[PDB]
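What follows is a set of notes on a single structure, which appears directly below.
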Amino acid sequence: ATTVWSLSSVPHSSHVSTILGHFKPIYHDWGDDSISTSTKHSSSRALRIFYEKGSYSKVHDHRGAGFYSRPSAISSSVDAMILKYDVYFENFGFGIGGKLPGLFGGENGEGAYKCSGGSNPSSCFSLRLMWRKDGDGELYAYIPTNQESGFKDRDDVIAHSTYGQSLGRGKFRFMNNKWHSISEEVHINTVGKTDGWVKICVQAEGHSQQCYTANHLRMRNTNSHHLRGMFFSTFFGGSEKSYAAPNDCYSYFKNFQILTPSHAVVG
């Protein structure tokens, strides 16, 4: 597969706009106060996100960070994409869950950035990861309501009426105080079919790779929708205090890559 974009490290800068420079263009960025850089766990200077004890999505300060990234090298009709990155969890403390970066797509414009929170218009899909209780991982998908028959009753699905769908929860798990290599391979559906899929592999250093494949997915209902790039998103929650971070804790990200393999749907 062809690598169209990568980001090994971030510069040692106090200016967040410079820290995030090679992610650009970015859209709907937030969380400056949580963003810094660190070589504590790696030779490559990593993007570091701070989550203050007690923080979650609704807390005003130090609750994490978010932005959509659409590197210019990505063409406008990409139907298959692989996102890779390394993440270190420091002092987790996973509480009852939070967000991690994943891919997103949809319309070519602002419509693509609307699939989060309580919002799921027919302009986008988003495929962030989440951690959960005890560091269990999942695909956390904002996808169209018209999924295949019986979708909600799938063994790999914990559905929600308004928020994201939990796919594959517990099939991989995140470990405190370790690096993890993460890959998310996404092939969006043929329009008119539920033949899209997502394969996530996670490997904590020292341990065996664990992979989960979500197949028979619908991401789009129209042919003008495509994969657009990375939805960088990380914070605890959830929308209420029960999701508050139990600890002052930190995540570190390095070695970002986006590849574009040949599109291959699975019916």
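In this chain, numbering begins with 1 at the start of the sequence shown.
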Heavy-atom side-chain contact between [X] and [Y] under 4.5 Å:
| X | Y | result |
| --- | --- | --- |
| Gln209 | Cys201 | yes |
| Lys178 | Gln203 | no |
| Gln210 | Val202 | no |
| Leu20 | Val16 | yes |
| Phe125 | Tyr142 | no |
| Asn215 | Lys199 | no |
| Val186 | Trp197 | no |
| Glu184 | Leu139 | yes |

So if you build clusters from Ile, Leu, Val, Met, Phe, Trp, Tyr with side-chain heavy-atom gaps below 4.5 Å, do [X] and [Y] land together?
| X | Y | value |
| --- | --- | --- |
| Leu127 | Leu100 | yes |
| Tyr163 | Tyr113 | no |
| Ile26 | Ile19 | yes |
| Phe67 | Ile258 | yes |
| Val198 | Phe151 | yes |

So, taking the atom named [atom1] in [X] and the one named [atom2] in [Y], what distance separates them when rounded to the nearest 0.5 Å?
| X | Y | atom1 | atom2 | answer |
| --- | --- | --- | --- | --- |
| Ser69 | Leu7 | OG | CG | 8.5 Å |
| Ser77 | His225 | OG | NE2 | 14.0 Å |
| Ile188 | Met81 | CD1 | CE | 9.0 Å |
| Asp195 | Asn189 | CG | CG | 6.0 Å |
| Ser166 | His160 | OG | NE2 | 9.0 Å |
| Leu83 | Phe256 | CG | CZ | 7.5 Å |

Have [X] and [Y] got a donor and an acceptor in their side chains that come within less than 3.5 Å?
| X | Y | value |
| --- | --- | --- |
| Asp79 | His226 | yes |
| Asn146 | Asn221 | yes |
| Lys24 | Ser17 | yes |
| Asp86 | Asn255 | yes |
| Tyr252 | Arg45 | no |
| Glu185 | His187 | yes |

Provide the closest heavy-atom pair for [X] versus [Y] in the form atom of the first, atom of the second, distance.
| X | Y | result |
| --- | --- | --- |
| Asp248 | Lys53 | OD1-N, 2.8 Å |
| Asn91 | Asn247 | O-ND2, 3.0 Å |
| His180 | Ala204 | CD2-CB, 3.5 Å |
| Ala159 | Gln165 | CA-OE1, 3.2 Å |
| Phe174 | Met130 | CE1-O, 3.8 Å |
| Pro25 | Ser72 | CD-N, 4.3 Å |

Test ring pair (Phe, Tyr, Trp, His ring centres under 6.0 Å) applied to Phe253 and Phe89, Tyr88, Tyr85, the passing residue:
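With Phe253 as partner, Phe89, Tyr88, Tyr85 yield a single ring pair (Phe, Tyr, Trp, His ring centres under 6.0 Å), made by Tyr85.
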Sole residue of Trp5, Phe23, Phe104 in side-chain contact (heavy atoms from CB on, under 4.5 Å) with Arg70:
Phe104
May I have the step-by-step check of side chain to side chain contact (heavy atoms under 4.5 Å, CB included) for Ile182 and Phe172, ending in yes or no?
CA-CA 11 Å; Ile182 295 190; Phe172 47 95; over 6 Å; no
Quick one: do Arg220 and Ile143 satisfy side chain to side chain contact (heavy atoms under 4.5 Å, CB included)? Show the steps, please.
CA-CA 8 Å; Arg220 57 173 185 166; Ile143 47 181; over 6 Å; no
Under 6.0 Å from the six-membered ring centre of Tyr140 and within 45° of its axis: does the NZ or CZ of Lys99 meet both?
yes
With a 6.0 Å cut-off on the ring centroids, do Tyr250 and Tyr51 count as close?
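They do not qualify: ring centres at least 6.0 Å apart.
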Do the two ring centres, one from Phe236 and one from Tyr243, sit under 6.0 Å apart?
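No, too far apart.
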So does [Y] get a backbone contact from the side chain of [X], meaning a donor-acceptor N/O pair under 3.5 Å?
| X | Y | answer |
| --- | --- | --- |
| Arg228 | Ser76 | yes |
| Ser42 | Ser44 | yes |
| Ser233 | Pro101 | no |
| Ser34 | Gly64 | yes |
| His22 | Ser6 | yes |
| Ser57 | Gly238 | yes |
| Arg63 | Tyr56 | no |
| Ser13 | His15 | yes |

Run the salt bridge (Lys or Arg N to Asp or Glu O under 4.0 Å) test on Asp136 and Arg173 for me, step by step, so that the C-alpha distance in whole Å, both residues' side-chain angles and the decisive distance to 0.1 Å come before the verdict.
CA-CA 4 Å; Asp136 279 337; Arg173 180 176 274 196; 2.7 Å; yes
Verdict with reasoning, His41 to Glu90, per side-chain hydrogen bond (donor to acceptor under 3.5 Å, both in side chains)
CA-CA 10 Å; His41 300 294; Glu90 179 185 309; 2.7 Å; yes
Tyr68 vs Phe231, ring pair (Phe, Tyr, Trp, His ring centres under 6.0 Å): CA-CA, chis, key distance, verdict:
CA-CA 5 Å; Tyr68 293 87; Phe231 182 12; 4.0 Å; yes
Test side chain to side chain contact (heavy atoms under 4.5 Å, CB included) on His207 and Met175; report intermediate values, then the result.
CA-CA 10 Å; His207 291 258; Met175 305 185 69; 3.9 Å; yes
Check whether more than 12 heavy atoms from other residues, nucleotides or ligands sit under 6.0 Å from atom OH of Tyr27, and answer yes or no.
yes
Mind running side chain to side chain contact (heavy atoms under 4.5 Å, CB included) on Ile35 and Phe50 for me, showing each step along the way?
CA-CA 7 Å; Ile35 294 178; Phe50 168 58; over 6 Å; no
Is it true that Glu138 and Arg132 have a side-chain N and a carboxylate O under 4.0 angstrom from each other?
yes
